[PDB]
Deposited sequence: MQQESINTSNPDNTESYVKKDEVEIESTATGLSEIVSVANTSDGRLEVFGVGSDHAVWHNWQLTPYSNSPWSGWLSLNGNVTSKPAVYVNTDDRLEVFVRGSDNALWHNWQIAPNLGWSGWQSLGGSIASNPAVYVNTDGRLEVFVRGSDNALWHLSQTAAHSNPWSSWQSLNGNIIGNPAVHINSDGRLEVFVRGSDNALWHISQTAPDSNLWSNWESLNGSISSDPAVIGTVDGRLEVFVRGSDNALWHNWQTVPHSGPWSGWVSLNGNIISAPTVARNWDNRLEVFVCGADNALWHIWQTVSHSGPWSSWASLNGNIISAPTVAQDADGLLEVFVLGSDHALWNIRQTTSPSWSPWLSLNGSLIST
C-alpha cells in the first residue's frame, strides 16, 4: 500500500508546518504564516540533507521542532530548531542501518524516542538520555521480523506501544512494561492479514485503536476493550476499497475520522457519528487525484486539515470549514 509522504506538526504558536522530501532529496518545509484554517503559507524552504525516507517531525516538550529521516548512508539523521519556531541546527547523525521511515514519540519524562525497521528487519529504537536534549542512547533491538514502517502511540498510563506489520502479514505489537522504561513486553500478535503500515490513535476514553488496509483492500480496525490493556476487540471491517495506509485523527468533539487513498485515487474519509466511539458513517469522497497516503492535522481553529501528494507531485491541502476546495501548495515532492 501507499505510505504517508509528509509529516505535519503544530508549532507552539499554533501554525501548521509541513515537511517533505524534494525532487533533490533534501528535506523541505512550508508553514502557515498565521495560526488559522484559511492561512496563507510561506512557500517552500530547504533544510538541505540527502535523504531516502519520509521525514518524521515531533515537537520537543520545550516546543522546538525536530525532524528525523533516513540518510542516503542509511543512518538515522536529525535536525532541530535552536529555539521554538526559530533557526535550525543542521543535520546530525544518530548512526544505525535503517530500512524504514522513522517513527517518533515522546516519553512521559519528555524524552523523544525513535523506532525504525533495521536492515535485519527487527524493530530498533533509541532515545534522548534527558528531556528534550542530546545526547542519545545507544541503538537497542526489540527483535521481531517486520515489513512495515512501525507506528507508535502512548497508552493512557504513559507506556509507549508500537504496532508493525509482521513478515506473516499479521498486526503485531510490543509495549513498555512501565512509563519511560527500557524494559518491554514480548511481541504479541493481533492476527489479521494486512497490506499497509498500521495507523494508531488514542480514543478520548483512553483506548488505543488501530487502522489497517486488509488483504481485501478494505479498511479494518481493532481496539483495546479497556484503557491501556488487552484484550483487544478483534477485527472489524469498515469496508471501502483503498490502496494506501489509512490515517486517523480526532475531531474537536473527539470522534475519530479516517482518511485513505481510494482505488479511484481520490481522497476518501469515514468517521464516528454522533459522539466519540459512535457508529461509523458511510464512506464519503473528497475527490482529488492523489498518489500518496494522506496526512492529517488539527489546526488552531479546531478544524482538520489534510495534506496529500497530488498526481502532479505538488503538495495539496483541503480542510474542514462542507470541506474547502482543494488547494495546491506547489512544490515538487517525492515518495520513498
{"query": "Chain regions without C-alpha coordinates, deposited sequence numbering", "finding": "1-30, 352-354"}
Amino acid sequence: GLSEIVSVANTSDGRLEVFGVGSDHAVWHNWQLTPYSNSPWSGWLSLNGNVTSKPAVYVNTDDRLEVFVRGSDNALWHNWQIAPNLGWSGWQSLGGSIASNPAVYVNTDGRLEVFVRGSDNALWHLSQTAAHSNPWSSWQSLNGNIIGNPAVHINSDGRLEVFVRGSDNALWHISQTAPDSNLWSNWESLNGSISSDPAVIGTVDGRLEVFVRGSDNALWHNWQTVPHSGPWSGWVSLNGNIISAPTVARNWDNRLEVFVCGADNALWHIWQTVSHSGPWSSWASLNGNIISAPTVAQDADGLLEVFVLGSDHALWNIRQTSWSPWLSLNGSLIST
From here on, numbers count along this sequence of modelled residues.
property: Between 127-135 and 210-218 (mean CA B-factor, as deposited), the higher; result: 127-135
property: Stretch with the higher entry mean CA B-factor, where the candidates are 168-176 and 182-190; result: 182-190
property: Deposited CA B-factor, highest of 91, 259, 105, 223; result: 91
property: Highest recorded Cα temperature factor - choice among 293, 67, 303, 306; result: 293
property: Within-chain third of residue 44 by Cα B-factor, per the entry; result: highest
property: Chain third (lowest, middle, highest) by recorded CA B-factor, residue given as residue 109; result: middle
property: Within-chain third of residue 54 by Cα B-factor, per the entry; result: highest
property: Cα B factor band for residue 269 (lowest, middle or highest third within the chain); result: lowest
property: CA B-factor placement of residue 73, once the chain's modelled residues are sorted into thirds; result: middle
